[PDB]
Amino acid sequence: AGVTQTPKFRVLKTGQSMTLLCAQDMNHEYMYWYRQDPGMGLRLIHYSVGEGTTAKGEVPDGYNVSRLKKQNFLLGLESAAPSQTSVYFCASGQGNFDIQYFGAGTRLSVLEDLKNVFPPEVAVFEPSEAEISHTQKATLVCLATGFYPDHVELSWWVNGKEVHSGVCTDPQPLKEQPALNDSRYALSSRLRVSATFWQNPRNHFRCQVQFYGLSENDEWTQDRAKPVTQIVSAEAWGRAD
């Protein structure tokens, strides 16, 4: 329950047309669609009030909207183009322009040439004995590199169970070619456990990376493999060494 917004990520070619679902639960009358870019607060793109409404904020360019069902505010775009490449947020409240609840958020990248879209390339690095014998603690480090856009989600799995204590993924993707505005990104995460735990070699350490690239009905003409929404991962079994 709450307020559910789909999808989470999406990669678009200019002149395409997807739609953003905003699901609402609280039986609320008012619903809004925002747009968050580096350097400013939110900027209203559109809103509704019951089942027929639109207008405010700053709707150019191609943002048509729709409020058929009281529960679902559909933000759409029939000619996706840069800009638009921002981070969208649906929201709702029963007030008017009062207390309102936001959806997880959609991070959309609109390009013109899908040619430079890349799946990540995870890899796991095992603790340094130098460390083990000094801290009585071992840190594994995961590294996903060379992916565009930055639509990923890194998670650790220990023994088929995802952990959250002792972890720390970077808040922010790192550019490989800081110059080139459309640079491949890279992310790192550290999972640290006791020197006893790593030692035991029946403990399984799996680094997982979810990537949201191409779709199935997306033209692709490159020599390489279609960079579709996929999972990349790297394993590592504990060592007495």
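The first residue of the sequence shown is number 1, and the count goes up from there.
The question of which stretch, 69-77 or 95-103, has the higher mean Cα B factor is settled in favour of 95-103. Look at the mean CA B-factor for 205-213 and for 172-180 in the entry; the higher one is 172-180. Taking the deposited Cα B-factors for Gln222, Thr229, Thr14, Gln24, the highest one is held by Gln222. Reading the B-factor column for the CA atoms of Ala55, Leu187, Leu42, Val49 in the entry, the top value corresponds to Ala55.
Per-chain ranking of the deposited C-alpha B factor places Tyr30 in the lowest third. In this PDB entry, the Cα temperature factor of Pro82 sits in the top third of its chain's modelled residues, the highest group. Residue-level temperature factors show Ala138 in the highest third of its chain, judged at the C-alpha atom.
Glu121: CA B factor lies in the lowest third for its chain, per the PDB record.
Sort the chain's modelled residues by C-alpha temperature factor and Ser155 lands in the lowest third, per the entry.
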